[PDB]
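Nothing in this text is a laboratory measurement; each read-out follows from the coordinates by a stated rule. Here Cβ is always computed from backbone atoms with ideal geometry, including for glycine, and neighbour counts include all displayed protein chains.
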Amino acid sequence: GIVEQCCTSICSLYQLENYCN
Amino acid sequence: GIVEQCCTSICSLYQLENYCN
Amino acid sequence: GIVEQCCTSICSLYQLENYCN
Amino acid sequence: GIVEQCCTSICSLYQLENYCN
Amino acid sequence: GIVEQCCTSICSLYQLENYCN
Amino acid sequence: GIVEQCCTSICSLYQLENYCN
Amino acid sequence: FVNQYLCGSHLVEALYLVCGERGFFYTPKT
Amino acid sequence: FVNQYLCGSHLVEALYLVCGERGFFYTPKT
Amino acid sequence: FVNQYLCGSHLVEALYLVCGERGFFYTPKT
Amino acid sequence: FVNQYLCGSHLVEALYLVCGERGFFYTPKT
Amino acid sequence: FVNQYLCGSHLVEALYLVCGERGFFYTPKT
Amino acid sequence: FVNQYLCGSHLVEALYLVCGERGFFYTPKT
Ligand SMILES: [Cl-]
Ligand SMILES: [Cl-]
Ligand SMILES: [Zn+2]
Ligand SMILES: [Zn+2]
């Protein structure tokens, strides 16, 4: 999920863009 | 929407919960 | 206190409502 | 109280210190 | 650097002020 | 100033990127 | 409008606390 | 009220920082 | 072990600035 | 310790939202 | 006064997210 | 874990409060 992928390492804007509708 | 209901008046924790998934 | 109790484990809203005067 | 002193005009840190315990 | 000085031990308000312009 | 430009109308991220080093 | 945008930023943090493990979808213009 | 309610949110964060170990009381109106 | 809990409140606010009007959806693990 | 320091600042925002009108007291030194 | 001050608070957090490793200079009157 | 990164976004809000009108510089290098 989002917590396991982004709280373990720093997600970039691109990878955060994945969660926008 | 959530904006019209809660940025125009203070919404309680109980009406915020209606927006929960 | 609240730190030793809510920073070692996730206090829920009912647990936090206890520090409201 | 704090809301009408500090939400009407900006309080400096020194003025904010007046509400510490 | 600021990260090295304030992210293990808490920096006081006066130490933070060294990073002001 | 970034304040004049972005506290008025919403600045997108790529507009805010012109203020980085 | 900046005002409503800044309110939305506070709305999503309140949803985070209230909804917990259920999560939420955030929709700004219904 | 909204604009004041949002300002209150910033006020309590400024207090935590300023007051440190002393702590503080937040009573919007008592 | 409150680390992930504190990180998710920062995720939600980064998601808010990135997505915008698009909105986003926040699902902790379902 | 910074870890308990950052955790507290999330606790005071949570108290603000849950206590509402009633307000709260934040005494870390307990 | 206070609403431009509250808006700057959110601006600095958006700059932190966008500028990442580069960093930034934040000057209100310049 | 992203502990330093989360500390950094807290440092940027603390500097905004402390420094006021003067502004600050934030550079994470090294
Ligand atoms: Cl944190
Ligand atoms: Cl605000
Ligand atoms: Zn705000
Ligand atoms: Zn945090």
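For chain I, what are the residues that are away from ligand 1 (no atom under 16 Å from the Cβ) and acidic (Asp, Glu)?
If the condition is that a residue be away from ligand 1 (no atom under 16 Å from the Cβ) and acidic (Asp, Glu), then I:21 is the only one that fits.
Name the pairs whose Cβ atoms lie under 8 Å apart, with the first residue in the range I:5-25 and on the phi > 0 side of the Ramachandran plot, the second away from ligand 3 (no atom under 16 Å from the Cβ) and of a type in the set (A, V, I, L, M, F, W, C), and 6 or more positions between them or separate chains?
What qualifies is I:20/A:20; I:23/A:20; I:23/G:25.
Could you list all residues from the range J:1-22 that are surrounded by fewer than 19 Cβ atoms within 10 Å (Cβ to Cβ) and touching a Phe, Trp or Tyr at 6+ places or on another chain (Cβ under 6 Å)?
The one that is surrounded by fewer than 19 Cβ atoms within 10 Å (Cβ to Cβ) and touching a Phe, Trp or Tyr at 6+ places or on another chain (Cβ under 6 Å): J:9.
Can you tell me which residue is farthest from the other protein chains (Cβ to nearest Cβ) among those in chain G that are in contact with a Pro (Cβ under 9 Å, 6 or more places away or on another chain) and part of a loop (DSSP other than H, G, I, E, B)?
G:20
If I ask for residues that are part of a helix (DSSP H, G or I) and within 16 Å of residue J:20 (Cα to Cα), which ones from chain C would you list?
Of everything in chain C, those that are part of a helix (DSSP H, G or I) and within 16 Å of residue J:20 (Cα to Cα) turn out to be C:13, C:14, C:15, C:16, C:17, C:18, C:19.
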